[PDB]
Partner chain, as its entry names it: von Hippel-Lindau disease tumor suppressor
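Shown below, as structure tokens, is a lone chain in the form deposited without its partner chain; questions about how it binds or moves come after it.
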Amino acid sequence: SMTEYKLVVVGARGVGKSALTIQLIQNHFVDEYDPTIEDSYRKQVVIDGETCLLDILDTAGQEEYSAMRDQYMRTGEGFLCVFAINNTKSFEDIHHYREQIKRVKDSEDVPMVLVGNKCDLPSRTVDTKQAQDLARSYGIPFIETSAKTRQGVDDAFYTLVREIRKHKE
């Protein structure tokens, strides 16, 4: 029956990977920081009229285990590359995640979406234009989000499904 999509959420420590996912799954946000080992979720949604099942892997931002990402990158079909708009170092880390994914999948054509999260906060250090330019150079969409207000949460995950559909045609 309904198509299953394997989404993988990646990015630096504390950028909001789990808060985005839990907003998607449970429609709520908490300010406490429960750092992730590895979590998985399932949700059915309707995207462009077509019902489908999202399989979401919520991955660790812990940098010390960077050598342990290869298998989940091989398995995943699309990647939400999340940075926090108040954290310039997490924006710089995005390039290394994207290179790892391309290298592990041996392809220049991997479904990805750039996500700039925490857009509710006033301390913005990454211009919107700076992120849009990067996304344009990657050939992937860029979506701004807040897990706290829910802004863009649905849009980010759904846009990634659309990228995967285009890849598979």
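Just so we're on the same page, rigid core means the largest C-alpha set that superposes within 1.5 Å between forms. Numbering follows the first chain given and starts at 1.
Look at the C-alpha B-factors of 110 to 118 and of 131 to 139. On average they run higher in 131 to 139. Of the two segments examined, 119 to 127 and 55 to 63, it is 119 to 127 that shows the higher average Cα temperature factor in the deposited entry. Sorting the modelled residues of the chain by their CA temperature factor places residue 101 in the middle third. The deposited CA B-factor of residue 48 belongs to the highest third of values across its chain.
In the deposited entry, the Cα temperature factor of residue 8 sits in the bottom third of values across the chain's modelled residues.
Residue 82 sits in the lowest third of its chain by CA B factor, as recorded in the PDB entry. When the modelled residues of the chain are ordered by their C-alpha B factor, residue 31 lands in the highest third.
The discussion below concerns the form deposited with its partner chain bound, not included here.
Stretch 98 to 106 is the contacting one of 98 to 106, 112 to 120, 125 to 133, 139 to 147, since its residues have non-hydrogen atoms within 4.5 Å of its partner chain in the bound PDB entry. Core-based superposition between the shown form and the other one leaves all of 130, 62, 100, 125 but one with CA shifts under 2 Å; the exception is 62. Annotation for the pair residue 64/residue 102: C-alpha atoms approach each other in the bound PDB entry, by 3 Å or more compared with this form.
Relative to this conformation, a decrease of 3 Å or more in the Cα-Cα distance between residue 102 and residue 65 is found in the bound PDB entry.
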